[PDB]
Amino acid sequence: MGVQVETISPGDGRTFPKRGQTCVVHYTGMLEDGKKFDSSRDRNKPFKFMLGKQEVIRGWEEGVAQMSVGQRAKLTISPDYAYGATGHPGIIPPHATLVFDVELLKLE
């Protein structure tokens, strides 16, 4: 099923992350029931990752690439695009669909 991107608030509509750019984001990740399992907002520190390096789940690689700079969006990511059958025991159950609220602050 992959990743579905639903907007929360608009970006510039013009600047989209390209391979090798560093995306600077704030995010919150929730299980399908709404339980938060991770958030950069609760650390008060944006998270950075390089697009295409696979240092985030596939749903982020392909979903954040669809966002424009400044946009906030909800990414609903099916387990094949997340942590799969094994999940991450103690944090993410097996076969978990995840929901992330992501704001793309800037590209570096």
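Throughout, rigid core stands for the largest set of C-alpha atoms superposing within 1.5 Å between the two forms. In case it trips you up, residue 1 is the first one in the sequence shown, and so on.
- In summary, of the stretches 87 to 95 and 21 to 29, 87 to 95 shows the greater Cα distance from the shown form in 4 other deposited structures of this protein, with structures fitted on the rigid core.
- When the mean C-alpha temperature factors of 13 to 21 and 96 to 104 are read from the deposited coordinates, 13 to 21 comes out higher.
- Remark: stretch with higher mean C-alpha B factor among 29 to 37 and 44 to 52 is 29 to 37.
- Among all modelled residues in its chain, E61 ranks in the lowest third by Cα B-factor.
- In the PDB entry, a CA B factor belonging to the lowest third of its chain's modelled residues is recorded for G84.
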